[PDB]
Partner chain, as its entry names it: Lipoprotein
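Just the one chain here, the form solved without the partner chain, laid out as structure tokens.
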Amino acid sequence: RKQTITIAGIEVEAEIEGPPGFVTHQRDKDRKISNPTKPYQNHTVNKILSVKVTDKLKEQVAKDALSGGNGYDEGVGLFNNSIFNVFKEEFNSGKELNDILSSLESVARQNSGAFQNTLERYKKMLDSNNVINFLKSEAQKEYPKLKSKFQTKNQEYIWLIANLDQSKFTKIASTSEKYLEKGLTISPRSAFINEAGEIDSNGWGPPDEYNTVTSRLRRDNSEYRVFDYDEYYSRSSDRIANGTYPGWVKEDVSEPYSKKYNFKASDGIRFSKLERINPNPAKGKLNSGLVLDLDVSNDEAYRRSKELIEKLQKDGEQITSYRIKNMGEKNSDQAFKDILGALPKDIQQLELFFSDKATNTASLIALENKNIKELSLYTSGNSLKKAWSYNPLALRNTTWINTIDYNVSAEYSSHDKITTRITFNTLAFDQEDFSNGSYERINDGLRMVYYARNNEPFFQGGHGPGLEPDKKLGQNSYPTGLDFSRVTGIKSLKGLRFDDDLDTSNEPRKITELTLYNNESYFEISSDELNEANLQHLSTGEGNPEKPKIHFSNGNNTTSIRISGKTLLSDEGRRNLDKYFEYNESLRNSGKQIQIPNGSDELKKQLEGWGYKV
């Protein structure tokens, strides 16, 4: 304990602390609901509690923020970024002081987007104030006779920044000292100057040896991928499309297999083989493998499908992976439980490219006893769309799920197909899960993605892992909604459990969207409303302005909530009864409730019992 580490090329004494261990209970192992082999761990490298800072280091953090350091930011630092080098180059040409116009023609026009955000790095100090005149190189004899001569503020700012004095700026500001005492350097790519002539930033970073997300990706790309690679990088959207990996070369080898399996060139079947650029002499990882595509929306590869995947066993063959491309792109109901069930007992990779137009996750993989699991749930479209859902039990014994190849961002043009992993944010249980009218199996899956596996980066979605993902799981993201639109028995949240074993040390989970099975113009709920859960449904609530959503499979059932049985409703019964309108955009037409003609009719605001549509 109390070792020394080089934070910024300079050795400093630090409170480096042990990385947490993910405690896996025997209930997780005995219910078959842990990750199946070598439990995944999020923080592969240490946190820093504090660095005992010294002037020798906080000086270098300024020299780095000014110069661009000597790493990834070495070219967008505060006094050698791209815009500042276009001015400092032109100002060294011999032209008279009127030449600021030639830099004005370089801050509008095609450069207009790049100057406005790079100017703002200085403009938080460079504005009209008495303090700036100390921070020019030697121009104290050139500024106060020139203020009235610039033809616009967009000239005067350029003549400012081209003549700031680098050796004056060696001072870190207060907020970026506390982040350095926590062990983080300023990132030169976002450093900016404040009014007192001192440096802070919109962004920081740890030293790379202690960088959690870079060390997680540098491990997961090395072990879990089947086709491993050494970098922290995501795959590019076109490497996702072309079935190709960093450090691997892909051969199409289809035509020799076409001689054996009678598929013609147009059919939407290809074989490819991946081999490494350098083979690895070690045991236990592939030096080559096969990827078979099945472009199922071509039709020919959907007729020639189930028989093919099994022919590719009985020929005496050992395929590493499959690319079920364009699932549903030509007709939305397209069935797959037979084809996706046809696979071996061990699978290394699956690329399932779902259609955005289908949104149809038929992926009940039916417990293929292990996947070494480059199980990737990719799409050719809007991968954040709130209609995406997955069955959690369908992943039970897959060792990893692809959540590194996330590519979607604001850049891409309208007319080209991006490709990315899905941000799954809802769970879709299906009709065989609620087996004999008991919640036993749904409480394995609904504990799987909320506790037993909730330190893996896939069982998380649109908040990622939080602070200490292996020890305070209550802080992590989780899939924020339930879809029961395919399991006809479930009328409510009854018998579902959302805190595991130690209810103080992790937050009880909550949900935000709930879709329920329904078919007729009404929805009928009977008397489970006394034991149905309210406190599960409040939308990540701190006193939240927004509301949860409740939906139905048929989207138009306005008539009423219908109610049956002898039982008179308790205090909690009125609470749960209100939540079926309060959260229910399909049904906020005046709170109408049809109690059947039997029993007391004990309420004020409730209807007769007849329900025929006019």
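Numbering follows the first chain given and starts at 1.
One more form of this protein should be noted, the form deposited with the partner chain bound, which is absent from this view; the next part is about it.
Using a 4.5 angstroms heavy atom cutoff to the partner chain in the entry with it bound, none of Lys370, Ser438 and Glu542 count as contacting. Taking non-hydrogen atoms only, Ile193 never approaches the partner chain to within 4.5 angstroms in the entry with it bound. At least one heavy atom of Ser355 is located within 4.5 Å of the partner chain in the entry with it bound. Using a 4.5 Å cutoff between non-hydrogen atoms, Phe552 counts as a contact of the partner chain in the entry with it bound.
Contact between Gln26 and the partner chain in the entry with it bound is not found at the 4.5 Å heavy atom cutoff. This chain is displayed without the partner chain, yet in the entry with it bound the stretch 360-368 from 213-221, 531-539, 360-368, 98-106 comes within 4.5 Å of it by heavy atoms.
A single residue from the set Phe150, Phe91, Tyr233, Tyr229 has any heavy atom within 4.5 angstroms of the partner chain in the entry with it bound; that residue is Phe150. Between the partner chain and the residues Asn443, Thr488, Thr175, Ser288, the one pair within 4.5 Å by heavy atoms in the entry with it bound involves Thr488.
Applying a 4.5 Å heavy atom cutoff to the partner chain in the entry with it bound picks out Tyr517, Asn518, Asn519 from 495-519, in order along the sequence.
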